[PDB]
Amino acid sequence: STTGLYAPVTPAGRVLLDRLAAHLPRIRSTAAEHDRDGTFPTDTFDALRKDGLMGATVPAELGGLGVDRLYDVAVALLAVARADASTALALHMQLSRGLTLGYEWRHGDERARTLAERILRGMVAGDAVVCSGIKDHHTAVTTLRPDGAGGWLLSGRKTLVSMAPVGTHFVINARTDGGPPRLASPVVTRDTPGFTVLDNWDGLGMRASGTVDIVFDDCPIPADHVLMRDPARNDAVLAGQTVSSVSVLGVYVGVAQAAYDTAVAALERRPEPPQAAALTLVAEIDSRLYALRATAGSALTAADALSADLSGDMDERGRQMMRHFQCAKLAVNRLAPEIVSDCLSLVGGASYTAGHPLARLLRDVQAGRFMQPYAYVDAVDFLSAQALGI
């Protein structure tokens, strides 16, 4: 199978999915409690760490499983999400960081490569859990200031940092302010002075994903723990943002799958044969889920092809990767919640009590809409700009 995210397409992808199977039963078992209490499943992550799955996307050269297709990462996230979407969303941050650090390792200058290499062997060993602090909190602009002696001091606050509760290393999007301002990616470790992880995530869904705020109060960062980016429009950069986020589409596809599976099981348990409207819903969902899978799957296949090809116009490459990502994302964010919603009509009133799985899937399935890049309102400006050559 090379379509619909039905199966991994490479040998490493298969091993990844086989190894994950052992962990599914714990993931499913504790999901309801962590959602109710809003707490991160630290024990699931301890098991994945010692089992080496936290290094799944580290290059085999460095001792990792060598998963290097986005498509296979999404197939694994989908399987995890059918068990618990919060765990999948947190796992995606680790897996996709494996992929972009792997590219720094192979194409960065010596500073990037050395640093990337250290983190990547960390990930395999179980010692490095890598979170991404991307979006500034509204009270703050996260800035790096020279320390006077050749290093830096980082101040600010980032929001919505998933997996933060077990994070050991945090890649932070910041700008300088000591040249003219440049974008920089300092890496802060958890024991850096001035560094606090807050405990303030209270989600409608993704309740267990640890999607908290992190605060930097003059955190000393040494020069070789900073990847300087640039200044300045640069489309080629869209490619890294795609690699960073596109596989997360597997999460919302798995949520829709688990809703459908729940609804069908419910219908089969009944003495009465399904009513006319239930048969029609089932057929409509079956086809919508197919179109959901085919759309995520194809944009993932296309993204993997463009990702592997470095031989051309890098700006065109980044626009094309982002256009595949965004076209598919908008479709996913409309289809997945529609499917989940229609599933509640099949099960009926039992799905409206707080503990039923569908009631949680209805909350978790909404989270994709708000994840940048891009939320709906911004996606429409991006897409119409690209389509009309603005």
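The numbering used is simple: start at 1 and walk along the sequence shown.
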Can you count, per the entry, how many deposited residues between residue 222 and residue 223 come without coordinates? Answer none, 1 to 3, 4 to 9, or 10 or more. none
Could you bin the unmodelled part of the deposited chain lying between residue 146 and residue 147 as none, 1 to 3, 4 to 9, or 10 or more? none
Mean Cα B-factor check, 45-53 vs 360-368, entry values; winner is 45-53
Taking the recorded C-alpha temperature factors, which stretch has the higher mean, 285-293 or 108-116? 108-116
Determine which member of 258, 314, 277, 208 has the highest CA B-factor, using the values in the deposited entry. 314
Say you rank 92, 169, 233, 82 by Cα B-factor from the PDB entry; which sits at the top? 233
Determine, from the deposited record, the chain-internal third of the Cα B-factor for residue 183: lowest, middle or highest. highest
Within this chain's modelled residues, let me know which third the CA B factor of residue 1 belongs to: lowest, middle or highest. highest
Could you say whether, by C-alpha temperature factor, residue 73 belongs to the lowest, middle or highest third of its chain? lowest
Would the CA B-factor of residue 310 place it in the lowest, middle or highest third of its chain? highest
Within this chain's modelled residues, let me know which third the CA B factor of residue 239 belongs to: lowest, middle or highest. middle
